[PDB]
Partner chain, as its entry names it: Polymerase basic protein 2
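In the block that follows, a single chain appears as structure tokens, in the form deposited without its partner chain.
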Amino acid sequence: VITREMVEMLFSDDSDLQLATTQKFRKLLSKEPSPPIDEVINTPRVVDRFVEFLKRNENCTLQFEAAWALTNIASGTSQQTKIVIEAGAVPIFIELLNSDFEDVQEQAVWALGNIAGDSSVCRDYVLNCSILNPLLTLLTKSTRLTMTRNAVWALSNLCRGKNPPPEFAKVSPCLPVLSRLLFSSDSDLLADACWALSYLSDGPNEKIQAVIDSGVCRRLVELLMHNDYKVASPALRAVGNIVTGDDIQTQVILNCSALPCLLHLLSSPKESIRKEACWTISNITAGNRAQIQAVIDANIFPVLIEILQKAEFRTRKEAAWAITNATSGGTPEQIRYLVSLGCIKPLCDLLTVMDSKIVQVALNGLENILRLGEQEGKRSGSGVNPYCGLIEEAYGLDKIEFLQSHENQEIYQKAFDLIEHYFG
């Protein structure tokens, strides 16, 4: 507990007792798992007193201890970080980034990171205090690995968030620094940078173009094969987000030789990586016919069909999305190739699952295949849809019929349309 002597000494006038009491507060606040944050911040003027000590540029130890206590306070709930923010500490921490004491600089970086990572509200508060430029200047002139780690972590926190997202113009001046950071060897640095890039690349294609222009694609594709999962996972997220852009932006990643790496990742021992790789490939196959041809020539679709009929439902949903996108924008010959691999049966087997989204994707895929079957039957003049009999051999016709009683309107309206147009 905080003693009445502690409070009296914190507000004393002798720097010695001030430092001793601030150190006592910091040590109590650094206690886990239940720090006494509420008791401290509920003591009136104590947080204000720490923020006042932050301005004691003559005492390096008092500055450092007060900054550390405020960091511990900011490591709690949002309402406990609000007290640090409302005391006016963010502008002081951003000016302490240029302190002559390296300890104070690192502690201020850690505090601003904690504050920025509490919520999107605190993130935008810190950004609107003009932190990016001082932070980027400190990150380029750092002589401590731990300080660079903390600074990159705080930068990532400044870039994270989608509800709401940060104003891109306030976080995009950092994309040059992250591109250079991707060339380091520290796994923590690479991981935080990849997370920042994954969030900066999640959005409209203009943000993706900004990320591409920084020249990060080759390095991210290389990091896809990183041994440390904490680095490969965010890198795969970033690549998958990038391949959601137009066909040129996706072609950049494809030219970074990403399809072979994605193929290897499809055989990962972790279902999360397999799901994310399937999702990336589905974004790719949603592109033009050249990128679908690239996925074909990469020998990826056989593995996707295996996944479609053996993996977990979360991964099979993405594999089905990949196959269906391929059938949607592919040529008759490419879809003939997909059918020759035996995709109709694993797609029909998914019409009986509880996830209505998987059912809808499978239905759309079968619909595309049947549409091209009808077109080819027209060209032949025989009226023979060659792929109708294949859906019959899969015992999928009665599955489509059963889907007319589904609760989802999209599914049961799509099930009636198929039976009416193709199965007459």
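Positions refer to the first chain, counted from 1.
Unshown form solved in complex with its partner chain; subsequent notes refer to it.
**Q** Out of 334, 315, 250, 172, which one falls within 4.5 Å of its partner chain in the bound PDB entry, going by heavy atoms?
**A** Answer to the contact question: 250.
**Q** Considering non-hydrogen atoms and a 4.5 Å limit, which listed residue (161, 117, 346, 134) is close to its partner chain in the bound PDB entry?
**A** If I apply the 4.5 Å criterion carefully, the residue I get is 117.
**Q** Even though its partner chain is not shown here, does it sit in the bound PDB entry so that 11, 50 and 144 each have a heavy atom within 4.5 Å?
**A** Zero of three within 4.5 Å in the bound PDB entry.
**Q** So in the bound PDB entry, does residue 68 come within 4.5 Å of its partner chain, heavy atom to heavy atom?
**A** Flag for residue 68 set to yes.
**Q** Might residue 93 be said to contact its partner chain in the bound PDB entry, defining contact as any heavy atom within 4.5 Å?
**A** No, residue 93 sits far enough from its partner chain in the bound PDB entry that none of its heavy atoms falls within 4.5 Å.
**Q** Looking at the partner-bound form in the bound PDB entry, is residue 88 within 4.5 Å of its partner chain by any heavy atom?
**A** Residue 88: no, not in contact with its partner chain in the bound PDB entry.
**Q** Is there a heavy atom of residue 328 lying 4.5 Å or less from a heavy atom of its partner chain in the bound PDB entry?
**A** Heavy-atom contact with its partner chain at 4.5 Å: present for residue 328.
**Q** Taking the partner as it appears in the bound PDB entry, which of 237-245, 217-225, 334-342, 298-306 has residues with heavy atoms within 4.5 Å of its partner chain?
**A** Only one stretch qualifies here: 237-245.
**Q** Just to make sure I understand: among 391-421, which residues lie within 4.5 Å of its partner chain in the bound PDB entry, judging by heavy atoms?
**A** Sequence-ordered list: 410, 413.
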